[PDB]
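**Q** Requesting a structural model of the entry that follows:
(2 chains)
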Amino acid sequence: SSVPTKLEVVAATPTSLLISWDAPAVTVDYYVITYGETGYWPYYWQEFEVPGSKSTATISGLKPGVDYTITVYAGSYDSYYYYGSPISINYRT
Amino acid sequence: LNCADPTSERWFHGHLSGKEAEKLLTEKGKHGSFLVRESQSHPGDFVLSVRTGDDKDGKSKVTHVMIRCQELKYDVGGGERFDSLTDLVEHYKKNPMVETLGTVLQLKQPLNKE
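**A** Residues are numbered from 1 along each chain as shown, chains lettered A, B, ... in the order given. Dropping the coordinates below:
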């Protein structure tokens, strides 16, 4: 039971990923997309926030032929901490 | 609770989201400016946020570092270990932390809580 669900790379360039997760039945206030190079992950990453009304994002400025780990978090404006059980995937290039 | 308490340090901001941190390091920080804040994914754990770019909206780019406390010592996932975050911070002003995400990670000026 992850929140959100079904994270996948929809489309990719050598330097950019187009990701999507389930626009769900039960909505949240925001999402935080985190990403980093696998092997340095989870100790080094970059991140950005999107509203809960969104279920897609682009991660750009990446390098070709590199393994990346991407984790999406869900959150509430009424909590400092993210919801437990985020969802995570790997993708190279 | 299991490592030296760094909450009295001036570069410690406590509750501060990644978006808030990015705004701070942008509006007042330079390249290599850093702050420590509490993790939002791991309660009680710390995050070192480092400005690593000027540009990417009119916001700057921040790389984030997970701080691990294990067996009374601090590290950033590997390599050297420190009795305090203050010692860790000083070491990574003089030494590079890592090269990742197309940027060389090294500390410069702390961004202090106001």
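
**Q** can you tell me which residues contact the closest residue to chain A within chain B?
**A** Going by Cβ to the nearest Cβ, chain A is nearest to residue B:77 of chain B, at 3.3 Å. Every C-beta, even on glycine, is put in place using the N, C-alpha and C of the backbone. Neighbour list for residue B:77: A:40, A:43-44, B:65-66, B:68 [criterion: Cβ atoms under 8 Å, 6 or more residues apart in numbering or on different chains].

**Q** cutoff 6 Å now
**A** Residue B:77 sits next to residue A:43 when contact means Cβ atoms under 6 Å, 6 or more residues apart in numbering or on different chains.

**Q** So it: helix, strand or coil?
**A** Counting by DSSP: H, G, I helix; E, B strand; the rest coil, the backbone at residue B:77 sits in coil.

**Q** Report the buried residues of stretch A:55-64.
**A** Across stretch A:55-64, burial judged by 16 or more other Cβ atoms under 10 Å in any protein chain shown covers A:55, A:57, A:59, A:62.

**Q** And for stretch A:11-30?
**A** By neighbour count on 16+ other Cβ under 10 Å, the buried set for stretch A:11-30 is A:17, A:19-21, A:28, A:30.

**Q** Between all of those, which two are at the greatest distance?
**A** Farthest-apart pair in the buried residues of stretch A:11-30 is A:17 and A:28; separation 21.7 Å (Cβ to Cβ).

**Q** Save the buried residues of stretch A:55-64 as JSON lines, and put in secondary structure too.
**A** Converted to JSON lines, the buried residues of stretch A:55-64 look like this (three-state DSSP):
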{"residue": "A:55", "secondary structure": "coil"}
{"residue": "A:57", "secondary structure": "strand"}
{"residue": "A:59", "secondary structure": "strand"}
{"residue": "A:62", "secondary structure": "coil"}
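
**Q** and residue B:19, what is it in contact with?
**A** Residue B:19 is in contact with residue A:49, counting by Cβ under 6 Å, 6+ apart.

**Q** Got the phi and psi for it?
**A** Main-chain torsions, residue B:19, degrees, to the nearest 10: phi -70, psi -40.

**Q** Enumerate the residues of chain B near chain A.
**A** B:15, B:18-19, B:40-41, B:43, B:63-66, B:76-77, B:98, B:100-101 (Cβ under 6 Å from any Cβ of the partner chain).

**Q** Closest to residue A:2 out of those?
**A** Nearest to residue A:2 among the residues of chain B next to chain A, with distances taken as Cβ to Cβ, is residue B:41, at 13.4 Å.

**Q** And the strands in the chain, which stretches?
**A** Let's take chain A. For chain A, the strands defined by DSSP state E cover A:8-13, A:16-20, A:30-37, A:44-51, A:56-60, A:67-75, A:87-92.

**Q** Chain B, not that one
**A** In chain B, the strands defined using DSSP E lie at B:34-38, B:46-53, B:61-70, B:73-75, B:98-100, B:103-105.

**Q** Looks like residue B:98 contacts residue B:105 (just checking).
**A** Yes: counting by Cβ atoms under 6 Å, residue B:98 touches residue B:105, with 4.7 Å between them.
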